[PDB]
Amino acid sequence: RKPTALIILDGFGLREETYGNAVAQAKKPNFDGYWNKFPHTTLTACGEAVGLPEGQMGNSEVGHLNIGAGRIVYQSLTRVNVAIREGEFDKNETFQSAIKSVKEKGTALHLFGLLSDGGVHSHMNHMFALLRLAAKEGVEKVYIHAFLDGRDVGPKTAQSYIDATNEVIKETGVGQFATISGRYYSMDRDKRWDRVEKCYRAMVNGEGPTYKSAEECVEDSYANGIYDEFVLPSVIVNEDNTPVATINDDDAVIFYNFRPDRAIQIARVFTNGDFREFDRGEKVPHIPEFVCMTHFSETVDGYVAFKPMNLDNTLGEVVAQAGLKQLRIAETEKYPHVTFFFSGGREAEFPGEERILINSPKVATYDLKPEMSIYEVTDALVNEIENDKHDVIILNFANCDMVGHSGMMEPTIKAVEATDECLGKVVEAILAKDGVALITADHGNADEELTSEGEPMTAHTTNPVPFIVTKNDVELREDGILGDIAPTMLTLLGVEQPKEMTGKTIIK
């Protein structure tokens, strides 16, 4: 029974520069011996290679979700961003069907969501692309309901955003501010229905304070000490005091927010049908093409533009199917990583899965114990190998990431060399059983402990991650990403790669 071990060093990145590099300044004869004797390569663990925005360093949770998945696992904000960039956003059937109804029903399209560049719950640029799409498709009427932020951005910045919106209205030809409500009114997540009622009553019944524009609203709202986040649901009215737009029968709505939580409540009030949480009166608009950017919860009734990644056949699942026995193990700090996240955000154990947990030292910020729990984890793992009981091993050595957040060099060197020692121990044991090790990392950290001017560097890095295969005669690709690793384990294991794993094997 020849064990195939995936070994995640964690916070261990590859950097040519030696200043501030705890990895390079650490004596690692075991890692260097394996690099020099076995086929090796580097893999990008960062930006869009792992479903994140470009430039942005990876983190344990998307790293391991990516590694287990054998595909690029996109995050919400980057998912849509790529769809707008690559011009797939506008082929989107759900938008198109909802724009269609408007044209043949002779009705309005409504735009609502958090109006700002914050990138947490929404991005305004997403609404802009929605303005462009409607405008191109020839929709006569498009109304904007500003949900004001003040939280994910500066507290007094809605005007800079209203201005940016007007620019997009000028260039696009469609678009008109009809309602402004502060997020505290529209983005409650604590079941405070009296605040949510208020925002609603503005949108469908036209009830609240009235203004000639959105800038006038925000100007007057500011004058009474009330700012962005707290601004009362207000109505924009034409030259006469008539509401610019209310949401009526057969109007389409697109809630561009992408974050489930503070979005749920206002979505429910439009979509459900049999809602009863508060009384919505008599003018309940219904029969709708209500669109959400993403899926908010089972509790919502409308349509989804970017449906969730169902993440079916991850590494865990596929090896379980082949009838193979598998082992997840780490100390507490990375235990949810080799389990939950590696399994594709899945709590439960697969068939043939065993999970072992080594308690992390009773300790604060982990630089005082640069060794953490490795030696106990190491011991228990050589035990299992000795015992021939698993075909696939998932191990994370947590030390470089947790000690590397210290931005302290000497403790982090200790941690790389403790990690070094244990990886020889784990890999000798694996090779002893005629098995194969994949030595990797999920992102970097320990490699940059000092910055430009020798200040503490306490974050992950952008750097490539190493990739060794302890199998003598294999060629390895140079591109390499994290979604490629699962597929290359199935190459070693000789089990077929399923449709849902869009990653490619590294073995040429």
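Residue positions are given as counts along the sequence shown, with the first one as 1.
Novice: Report the stretch with the higher mean CA temperature factor, choosing between 248 to 256 and 354 to 362 on the basis of the entry.
Specialist: According to the entry, 354 to 362 carries the higher average C-alpha B-factor.
Novice: Between 296 to 304 and 134 to 142, which has the higher average C-alpha B-factor in the PDB entry?
Specialist: If you average the C-alpha B-factors of 296 to 304 and of 134 to 142, the larger mean comes out for 134 to 142.
Novice: Can you tell me which of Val291, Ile266, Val338, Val237 has the highest Cα temperature factor in the record?
Specialist: Top of the list by C-alpha B-factor: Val237.
Novice: Comparing against every modelled residue in the chain, figure out the third that the C-alpha B-factor of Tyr375 lands in (lowest, middle or highest).
Specialist: For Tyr375, whose C-alpha B-factor we compare with every modelled residue in the chain, the answer is the middle third.
Novice: Within this chain's modelled residues, let me know which third the CA B factor of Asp10 belongs to: lowest, middle or highest.
Specialist: Tercile = lowest for this residue's CA B-factor.
Novice: How does the C-alpha B factor of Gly345 compare with the rest of the chain: lowest, middle or highest third?
Specialist: For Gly345, the deposited C-alpha B-factor lands in the middle third.
Novice: Would you check the entry's CA temperature factor for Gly63 and let me know if it's in the chain's lowest, middle or highest third?
Specialist: Ranked within chain, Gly63 CA B lands in the lowest tercile.
Novice: Ranked by Cα temperature factor within the chain, is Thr44 in the lowest third, the middle third or the highest third?
Specialist: According to the entry, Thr44 has a C-alpha B-factor in the chain's lowest third.
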